[PDB]
Every structure is written in structure tokens, then in C-alpha cells.
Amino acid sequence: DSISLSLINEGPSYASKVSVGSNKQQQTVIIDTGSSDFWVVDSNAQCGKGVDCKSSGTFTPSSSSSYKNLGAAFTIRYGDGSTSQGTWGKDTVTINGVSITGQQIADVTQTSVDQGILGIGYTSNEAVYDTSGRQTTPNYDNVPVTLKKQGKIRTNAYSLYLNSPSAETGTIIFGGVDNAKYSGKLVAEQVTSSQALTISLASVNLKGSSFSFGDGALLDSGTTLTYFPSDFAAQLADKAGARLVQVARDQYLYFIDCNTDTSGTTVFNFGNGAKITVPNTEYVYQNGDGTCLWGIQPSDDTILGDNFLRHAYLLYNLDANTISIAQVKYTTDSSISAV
């Protein structure tokens, strides 16, 4: 029992069509290994200034016979500064024809995100706190846990195939693994945090140099680019020619010339001899205006986002606390086994 779900490559994010409520109201929502809560855009939400938050489906709680309004205020904040607020509730959620009942979600009535988010990370990382960090509501069974608990999958686990940079679609598989879509063997890596799907990154090879790292990296489907501590990012920027630019009082971004040569690869070395090779096309990102970002950016948090993850096949196992990885093989061939 595996559940395949199509991932829409939207550019900066990968989203899936899911349904919510007794009347199966279609929501197109970001598939996010970096958050743990599922929220939907209320049909009467107030979007953030300049944000078209109602173009990817909306949810009307009043037309679902099964919708339960829990008492409780919902608030979440993301790495890029975006936020959502609303109220906690429960309803039926349907994923590629497979329904789960009484799933706790948030009904969002204000958001600066473009669409809803389906957070599928650890339950310990749920957004169950007020602004000051006081816990306001209990931790609860999020979507992957509920899939397991209601007998839809055997193990709280999922495989991620973002597919190639040009592809319109990829696939996420809850409770299974597509053994046709990688070369070599999946190498199991220990998850190093009890809250975040992070594994140890031993080193990064770029432009003929090996840069020792030895710290955790978040494998985040819901991040576009790749983020590293400032000093490590600066070491890589030195080989690549990326230049740091101050864009706000506290924000700095690496820019790079749009016509920069993109031959060569960047290699990421993990535990147990696991290795992911990323083509350097992944490190030039086109902005609207004729400038480009470098695909690595500085941050206190280390995150391998989509520009990395497109080049790996990943089996996240939240029960075993492992993420198993192998170099991706882009193919329509498919041979899925349950996990």
C-alpha cells in the first residue's frame, strides 16, 4: 500500500492537488518536508499585500459537513519571512483517491504565501506555539502519521522524485519507493535532529576543490535554493565567482552573472559513501529583471533545497529516523515497492 501523488513543478515550489472536506474541495498545495502542518487558504481569506493567494484553490469550511472547528488559534512563520494565521480544524483529506478522516488542519484566513502548504515533517516540529514560544495546543497526528494510523501505508515514510529541472511534474510516494528511479543502491543516512529532517553532510566538492563540512543539512522540498553558514558559503562563492549584495538592513544575497558558465558539477558527500552529483546549471537562478541569484545563499541554517533534491532519489523514513539517498535516474519506468 503506497500512495503516488503528482508533484507540479511551479518554479520555486512543488505542489500537489489534494481534496479537503465532505464535498472534496480541490486545493493545490506545496509539498513541504520542512514543515509539519497542513493548512489551506480559506475562501474568505485576506491575502497579504500583493499576494494572489486564492488562485490555487480555496477551502470553504461551511460547505463541508464533516468540518470541525477546534477552539484554537493557528500561527506559523517560515524561513523566508512569510506567515499564515487562522484557526485549527479537522476534516477529511483525500490524496490520489485515498481518504483519511478527522485530519487536523488549519483554516487560514490571512497569509502572505501564494497557496496552501502540506507540511509532512516530524510531528515535534508542528506550529503549535504563540509568537512568544508558549505552546497553545497539543502536538497532534499530522498527515503522514494519520496515513499510517488509518492503515493506508505501513510505515510513516515517503519517497521524493522532484524530477529534472525542465520537467513539468514529479512524484511523491507515501509508503513506497520507486526502485526504477535511481542508480546504485539507496544508502541509509541517520537523521540527526529530533525535529528536522537533517542528515550529516561530510563535504562539498566544487571546481576541483573539496570543502570539509561535517554538520547537518535539512533536506527540504519546500526550499528553492541551497543555504549554508556564511563562512562556508563564502568559501564556495570564492570558486564560483558569486558576489554578496546587501538587499535589506539584515539581508544579503549572492548574485551571479546570468551568462556564467554552468558546466561542471557540485558533489555532496554524506555518510556511508553516499554521493549526490548536481549539475552546475542548478546554481544560476533567473530573477524577473535580468539579474540572477547564485544557487547557494548564506544562512544560519543549512538547507539543501530543490536545486539539490532534483538530483537525488530520497526515501524519508520518519519511523526509522533515516533518509535513504541515491543519485536520481530520470525515467518514466516505474517499479514501486511498499515500505
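Numbers follow the displayed sequence, beginning with 1. Basically, rigid core = biggest C-alpha set you can superpose within 1.5 Å across the two forms.
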Higher Cα RMS in 4 other deposited structures of this protein relative to the shown form (core alignment), 282 to 290 or 32 to 40, goes to 282 to 290
Core fit done; bigger CA RMS in 4 other deposited structures of this protein for 164 to 172 or for 124 to 132?
124 to 132
Comparing 222 to 230 with 181 to 189, which has the greater mean CA B-factor as deposited?
181 to 189
Between the two ranges 274 to 282 and 304 to 312, the one averaging a larger CA B factor in the entry:
274 to 282
According to the deposited entry, which of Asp91, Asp257, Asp107, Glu126 has the largest Cα B-factor?
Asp257
Just grab whichever of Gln26, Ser35, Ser43, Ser299 has the top CA B-factor as deposited.
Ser299
Hey, what third does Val143 fall into on Cα B-factor, ranked over its chain?
lowest
Comparing against every modelled residue in the chain, figure out the third that the C-alpha B-factor of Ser2 lands in (lowest, middle or highest).
highest
Report the third (lowest, middle or highest) to which the CA temperature factor of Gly175 belongs, ranking only the modelled residues of the same chain.
middle
In terms of the chain's CA B-factor thirds, is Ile336 lowest, middle or highest?
middle
Split the chain's modelled residues into thirds by Cα B-factor; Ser84 lands in the lowest
